Amino acid sequence: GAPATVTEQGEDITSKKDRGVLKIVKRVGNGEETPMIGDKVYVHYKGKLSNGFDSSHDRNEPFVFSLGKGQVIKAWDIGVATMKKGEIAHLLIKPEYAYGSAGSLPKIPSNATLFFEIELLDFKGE
Ligand SMILES: COc1cc2cc(c1OC)OC[C@H](C)OC/C=C/[C@H](O)[C@@H](C)OC(=O)[C@@H]1CCCCN1C(=O)[C@H]2C1CCCCC1
Numbered sequence: 013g014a015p016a017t018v019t020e021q022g023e024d025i026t027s028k029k030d031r032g033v034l035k036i037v038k039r040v041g042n043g044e045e046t047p048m049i050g051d052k053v054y055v056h057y058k059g060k061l062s063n064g067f068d069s070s071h072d073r074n075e076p077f078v079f080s081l082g083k084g085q086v087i088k089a090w091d092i093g094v095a096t097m098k099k100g101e102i103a104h105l106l107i108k109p110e111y112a113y114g115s116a117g118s119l120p121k122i123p124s125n126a127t128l129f130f131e132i133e134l135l136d137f138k139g140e
């Protein structure tokens, strides 16, 4: 399924090249611009423990957050910063770029690998 595909074929978009954040572009977007730190970002997302979703659709509204402001896990700040408007991307994320050894119960156990599908709807400058 989609997580194994990202393990097998995903790009490593981490600076350290530790495979902590792996990406596949599943639908291409438009525009020379990706979001940069500070931007308000609008997404729809499906996310799940890679073991086997929480989704923005469940709540019938987009998920809204400021990039690089620590409002989302590291893997999002890194991953979404690579995405173009209208893009759909799959991310697979080792715990070091999500909730770590501590976890975040009850939803996230210690040392959890996470998978998302993200659609970048829009972004606006600070
Ligand atoms: C660990 O806590 C949660 C994790 C996740 C979703 C949670 C959640 O309860 C606070 O509830 C949904 C509400 C709307 O979210 C508000 C804020 C989310 C924040 O931005 C943080 C907590 O979430 C994140 O940084 C990431 C990325 C953005 C979307 C939420 N995500 C999650 O880790 C999900 C998580 C995904 C794996 C399946 C279980 C839910």
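Heads up: the sequence shown is residues 13 to 64, 67 to 140, going by the deposited numbering.
Positions of the beta carbon are idealized from the N, C-alpha and C atoms, including for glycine.
Query, Result
"Span of the beta strand (DSSP E) around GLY59", "52-61"
"Three-way DSSP call (helix, strand, coil) for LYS88 in this model", "helix"
"Endpoints, beta strand (DSSP E) assigned at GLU133", "128-138"
"Euclidean distance between Cα positions of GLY84 and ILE92", "11 Å"
"Separation of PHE67 from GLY32, as counted between CA atoms", "21 Å"
"Beta-carbon contacts of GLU131 that lie in its chain and below 6 Å, excluding the five residues immediately before and after", "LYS58, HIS104"
"Bridge partners - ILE36, DSSP secondary structure assignment", "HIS104"
"Nearest-angstrom Cα separation, counted from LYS99 out to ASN125", "31 Å"
"Inter-residue Cα distance where the pair is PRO15 and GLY139", "32 Å"
"Through-space distance from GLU45 to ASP24, alpha-carbon basis", "20 Å"
"Span separating the alpha-carbon of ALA112 from that of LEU128", "8 Å"
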